[PDB]
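Sequence order for the protein chains is P and L.
According to this note's numbering, the stretch in the first sequence is residues 1 to 330, in order.
According to this note's numbering, the stretch in the second sequence is residues 1001 to 1325, in order.
C-beta atoms are modelled at their ideal positions from N, C-alpha and C, and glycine is treated no differently.
See structure below.
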Amino acid sequence: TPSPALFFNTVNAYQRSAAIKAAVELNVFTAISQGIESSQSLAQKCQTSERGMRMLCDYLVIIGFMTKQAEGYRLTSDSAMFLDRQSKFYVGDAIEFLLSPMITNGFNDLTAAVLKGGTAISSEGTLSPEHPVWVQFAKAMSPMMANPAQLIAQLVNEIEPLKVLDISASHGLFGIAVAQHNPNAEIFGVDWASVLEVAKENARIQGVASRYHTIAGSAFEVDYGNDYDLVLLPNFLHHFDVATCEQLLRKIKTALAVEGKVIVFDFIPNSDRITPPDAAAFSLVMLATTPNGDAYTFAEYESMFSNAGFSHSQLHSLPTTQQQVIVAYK
Amino acid sequence: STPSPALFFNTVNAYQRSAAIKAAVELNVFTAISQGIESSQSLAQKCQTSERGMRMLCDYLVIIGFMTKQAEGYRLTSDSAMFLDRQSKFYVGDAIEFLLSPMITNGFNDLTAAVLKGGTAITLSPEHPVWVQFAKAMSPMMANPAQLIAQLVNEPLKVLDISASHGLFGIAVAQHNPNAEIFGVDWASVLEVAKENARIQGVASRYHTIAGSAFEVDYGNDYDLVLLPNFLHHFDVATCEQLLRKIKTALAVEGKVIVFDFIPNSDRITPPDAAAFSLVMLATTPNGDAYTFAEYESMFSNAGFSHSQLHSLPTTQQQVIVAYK
Ligand SMILES: [Cl-]
Ligand SMILES: [Cl-]
């Protein structure tokens, strides 16, 4: 039988976002933790009205974050692991970036973006110089990037760099992990100055500050230097049109040493542009927030590297992690 | 088995799905595809948008399940062909005029404040104009329930329809009962949608209106049937009880009240759409709720009614209570 349920669930999907934002901001999951709490008790613990807590928690049960037992609400394993502040795997503060109005405003008029072919946000959306949303990204999103940074590092350890450039270093964890596994590596991070403050702090925390160097400014304007064994591009290229990525890849080529390598870490959808769903859905994010950005397929990236003068590019799917890697060879 | 933050991240970004379906309806994408197959280039030309914008939106709409992507272009699912193509008799797309009204989405923009307060941080203002939008935009999905309730009651009647809105509940009683006289109660501006619908359905000579607040106007007397579609949920129990006392007075000796509303099981988590409606009440009203049958039963009892009885109606989304004077 045919049904308008998808339509209506989709129309009202914004409510789920608001519900999880409230839950996180109010520490609801931390208050429940691995036990069972009534809404009356969560009201006391989180300092809210009881009826408000009850209506929120019933909804959180309805959409899958918790269960409702006789004696109260209980987290699912996933909420206990990822949303309870007591857990080492807590990612709940990612909303500081993901639900930043600096990001969500692009979706306030997606019709406008579809009409014009890119972000309806004033200027160049999130690509304006030193946009503060990238400080929020660097602070808020680093927990989920820790593991892939380590994976890329141990994929690099099969190569041995002495000189590393990390372009849009952000939190700095990709270059920092290279430094962690390679005692003779010197790391150069390129980002806006206020973002590199985070990267530096993370290098400090990780014990590699003395081998961590910064080149503040636009990846397109700064002088990188040269003789780089390894150039990392984590979650950068998707923001720009193809010509701009090509401009960047030529600059990178000049800076590489003889046997130099570029590692791209990004959302790389299959050629269908609909799978994997999370990778492929990122193209709407690029429409909403950037003028000409896209979630580019491997074939598209292979062609950019080919046109920028590289000899060979190769996909490493990395099934253990959400995003995908391309290694290019000078 | 293996734990995942996927539910968390997909819930966090869920607002994006609402944005995409809003753009698609506003741009008339589903009407442009219809029951055929159209490339993103063709659709950009038909809808007067950029090619890349259309491609990116359509790929996203394929991902979340509204259409498929074939070799030669995009193709609707049956559900989209049925409900989102304007050419279909069952088109419901313009429901977003109410559902994505700022007058509802603003409430969720400060849901955290609502939870702390116990009620809306910002609909029940005298003559709020979002109710003219509800009446125009939400009527297509109420057409079938209205016919079912008219089926359920139908055996010279005097009917009161309280918060008549689009007027379809009362109108359907008159559609099926040619000697029924209908008295719609809502704000004057909302009643003009009701009257337009009365006329369209050919029942206008037997459609009458009492303009103003359901809580202040004078209903008259000797009502066989009183309809309460989608209204009690906005108010607290005491305010509901007040209205039901006022209703009781207006009823003839063997008079019945029919409530059509979101009535969740006593778990307050099923059925999912009924149960989740209480968050919408938190976000948008000071003291509204999705009340359960026990709660409505108690309200009618305290208001002096002899009896109330549930009719789930599984052939629809919402549930029905009949109360007896
Ligand atoms: Cl990153
Ligand atoms: Cl209604």
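With a cut-off of 9 angstroms, does the C-beta of L:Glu1051 fall near any C-beta of chain P?
It does: the Cβ of L:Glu1051 has a partner Cβ on chain P nearer than 9 angstroms.
Extent of the continuous alpha helix (DSSP H) run through L:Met1299
Per DSSP, L:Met1299 belongs to the alpha helix (DSSP H) from 1293-1302.
When the cut-off is 9 angstroms and only beta carbons count, does L:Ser1306 lie next to chain P?
Answer no: the Cβ-Cβ gap between L:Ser1306 and chain P never drops below 9 angstroms.
Are there three or more Cβ pairs, one per stretch, closer than 8 angstroms when the region 1034-1046 of chain L is compared with the region 98-110 of chain P?
Judged by pairs of C-beta atoms under 8 angstroms, the region 1034-1046 of chain L does not touch the region 98-110 of chain P, as fewer than three such pairs exist.
Beta-bridge pairing of L:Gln1070 - partner residues as DSSP gives them
Listed as beta-bridge partners of L:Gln1070 by DSSP are L:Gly1073.
Assigned exposure category for P:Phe220 - 16 Cβ within 10 Å defines buried
Exposed.
Cβ closer than 7 angstroms: which chain P residues qualify as neighbours of L:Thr1011?
Within chain P, the residues placing a beta-carbon under 7 angstroms from that of L:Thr1011 are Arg16, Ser17, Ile20, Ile63, ordered along the chain.
Where the region 75-100 of chain P meets chain L: residues whose CB sits under 9 angstroms from a CB there:
Those residues of the region 75-100 of chain P that come within reach of chain L (Cβ to Cβ, closer than 9 angstroms) are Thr76, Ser77, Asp78, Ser79, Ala80, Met81, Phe82, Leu83, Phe89, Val91, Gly92, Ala94, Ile95, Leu98, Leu99.
Would P:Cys46 pass as a contact of P:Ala70 if the rule is Cβ separation under 9 angstroms?
Cβ distance not < 9 angstroms, so P:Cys46 and P:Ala70 don't count as in contact.
For P:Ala169, the nearest candidate out of P:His316, P:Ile20, P:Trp192, P:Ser123 (CA to CA)
Ranking the options by Cα distance to P:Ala169, first place goes to P:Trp192.
Residues that P:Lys68 contacts on chain L, provided the C-beta gap is smaller than 7 angstroms
Within 7 angstroms Cβ-Cβ: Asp1267, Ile1269.
Bridge partners - P:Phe7, DSSP secondary structure assignment
Beta-bridge pairing links P:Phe7 to no other residue.
Beta carbon of P:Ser170: closer than 8 angstroms to some heavy atom of ligand 1?
Yes, Cβ of P:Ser170 sits closer than 8 angstroms to a heavy atom of ligand 1.
Interface residues of chain B around P:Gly117 at Cβ under 7 angstroms?
Looking at the structure shown, chain B is missing, and the protein chains on hand are P and L.
Members of the region 218-250 of chain P near chain L, C-beta cut-off 9 angstroms
Result list empty, no residue passes.
So P:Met141 contacts chain L; which residues on that side make the cut at Cβ distance below 8 angstroms?
Correct list: empty, because the minimum Cβ distance to chain L is about 11 angstroms.
Just to confirm the assignment: which complete alpha helix (DSSP H) runs, minimum length 4, are found wholly within the region 234-279 of chain P?
Within the region 234-279 of chain P, the complete alpha helix (DSSP H) runs of at least 4 residues are 242-255.
At 7 angstroms on the CB atoms, spell out the chain P contacts of L:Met1056, in chain order.
Those are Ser283, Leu284, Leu287, listed as they occur along chain P.
So which residues of chain L does P:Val114 contact, with C-beta pairs closer than 8 angstroms?
By Cβ distance, chain L contributes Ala1023, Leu1027, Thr1049, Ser1050, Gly1053, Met1054, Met1056, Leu1057.
Measuring only from the beta carbon, is L:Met1138 closer than 8 angstroms to any heavy atom that is part of ligand 2?
Correct: L:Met1138 has its Cβ closer than 8 angstroms to ligand 2.
Uninterrupted beta strand (DSSP E) stretches inside the region 159-226 of chain P (no shorter than 3 residues):
Scanning the region 159-226 of chain P for uninterrupted beta strand (DSSP E) segments of 3 residues or longer gives 163-167, 186-191, 212-216, listed from N- to C-terminal end.
For the pair the region 1264-1279 of chain L and the region 57-66 of chain P, tell me if three or more CB-CB distances fall below 8 angstroms.
Judged by pairs of C-beta atoms under 8 angstroms, the region 1264-1279 of chain L touches the region 57-66 of chain P, as three or more such pairs exist.
Would you say the beta carbon of L:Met1142 is closer than 8 angstroms to some non-hydrogen atom of ligand 2?
Checking every heavy atom of ligand 2 against the Cβ of L:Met1142, one is found closer than 8 angstroms.
Grab me the residues of L:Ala1081's own chain with a C-beta within less than 6 angstroms of its C-beta, minus the 5 sequence neighbours each way, in chain order.
Leaving aside the five residues that flank L:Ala1081 on each side, the residues in its chain whose CB is nearer than 6 angstroms to its CB run, in chain order, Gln1035.
Per DSSP, what are the beta-bridge partners of L:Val1322 in this structure?
Paired residues: L:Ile1258, L:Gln1309.
If the criterion is Cβ atoms closer than 9 angstroms, does the pair L:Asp1085 and L:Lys1069 meet it?
No, the pair does not count as a contact, with Cβ atoms beyond the cut-off.
So what's L:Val1115 in DSSP terms, helix, strand or just coil?
L:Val1115 carries a helical assignment under DSSP once its states are collapsed to helix, strand and coil.
Consider the Cβ of L:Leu1111: report whether some Cβ of chain P lies at a distance smaller than 9 angstroms.
Yes, L:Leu1111 counts as interfacial toward chain P.
Nearest-angstrom Cβ-Cβ length linking P:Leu232 and P:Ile263, presumed shorter than 8 angstroms:
P:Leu232 to P:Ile263, Cβ: 5 angstroms. Contact.
What three-state label does DSSP hand L:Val1092 in the structure shown?
The answer is coil: DSSP assigns L:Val1092 none of H, G, I, E or B.
Any beta carbon of chain L sitting closer than 9 angstroms to that of P:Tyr59?
Contact of P:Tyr59 with chain L is assigned, a C-beta pair being separated by under 9 angstroms.
Does DSSP put P:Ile36 in a helix, a strand or coil?
In this structure, P:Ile36 counts as strand in the three-state DSSP scheme.
Strand pairing of P:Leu230, partner residues [DSSP]:
DSSP, once it has assigned bridges, lists P:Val164, P:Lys261 as partnering P:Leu230.
When you compare only the Cα positions, how much space is there between L:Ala1250 and L:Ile1104?
Going from the Cα of L:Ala1250 to the Cα of L:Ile1104 covers about 33 angstroms.
So, at 6 angstroms on beta carbons, what are the nonlocal neighbours of P:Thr297 in its own chain, with the 5 sequence-adjacent residues on each side left out?
Hits under 6 angstroms: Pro269, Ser271.
For a contact defined as C-beta to C-beta under 8 angstroms, what are the partners of P:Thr104 on chain L?
Under a criterion of Cβ atoms nearer than 8 angstroms, the residues of chain L adjacent to P:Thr104 are, in order, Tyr1015.
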